[PDB]
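Engineer:
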Amino acid sequence: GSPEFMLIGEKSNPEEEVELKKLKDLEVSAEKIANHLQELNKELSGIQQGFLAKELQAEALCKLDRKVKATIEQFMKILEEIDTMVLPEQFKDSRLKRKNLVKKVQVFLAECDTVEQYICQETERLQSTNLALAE
Numbered sequence: 085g086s087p088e089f090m091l092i093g094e095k096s097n098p099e100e101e102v103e104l105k106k107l108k109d110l111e112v113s114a115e116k117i118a119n120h121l122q123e124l125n126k127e128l129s130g131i132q133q134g135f136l137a138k139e140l141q142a143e144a145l146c147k148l149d150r151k152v153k154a155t156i157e158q159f160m161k162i163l164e165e166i167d168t169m170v171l172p173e174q175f176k177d178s179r180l181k182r183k184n185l186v187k188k189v190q191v192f193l194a195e196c197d198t199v200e201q202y203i204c205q206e207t208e209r210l211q212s213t214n215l216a217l218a219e
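Residues 85 to 219 in the entry's author numbering are what the sequence shown spells out, letter by letter.
1) How about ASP149 and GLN201: do their beta carbons lie closer than 9 angstroms?
2) Can you tell me which of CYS204, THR155, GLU219 puts its alpha carbon nearest to the alpha carbon of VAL189?
3) Shortest alpha-carbon distance to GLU101 belongs to which of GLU143, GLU195, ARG179?
4) How about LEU145 and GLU206: do their beta carbons lie closer than 9 angstroms?
5) In whole angstroms, what is the alpha-carbon distance linking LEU215 and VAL152?
6) For a quick check, are the C-beta atoms of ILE162 and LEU110 less than 9 angstroms apart?
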């Protein structure tokens, strides 16, 4: 039939679900941060259509990307938080959930950084000016 041996008990996945529930919330909180970007992105793009000169436009973008940077940091906390998490090799689903989340974090931080970097790089190129090294 189907030989089974491990402990001889089985009592549902109570705590397993609890640990998993928190993990679930983490992805959502992440989903919310990611959602805020798309929301802010929509309003920014709308405003981006035109309103002020390049001076303010470039000014808004640099400020825009930097704020984007703050969003990336939140994503960083997700990885760092999970990174400093403790869990044995028993929670297969919970662990699989965390690992997949880690990569979500990698893309979320990076995707967010690219947007901020692009907006920054575009504005950055627009302004170069000179420099002076003395002290």
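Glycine included, C-beta positions come from ideal geometry on N, C-alpha and C.
Structural biologist: Short version:
1) yes
2) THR155
3) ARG179
4) yes
5) 27 angstroms
6) yes
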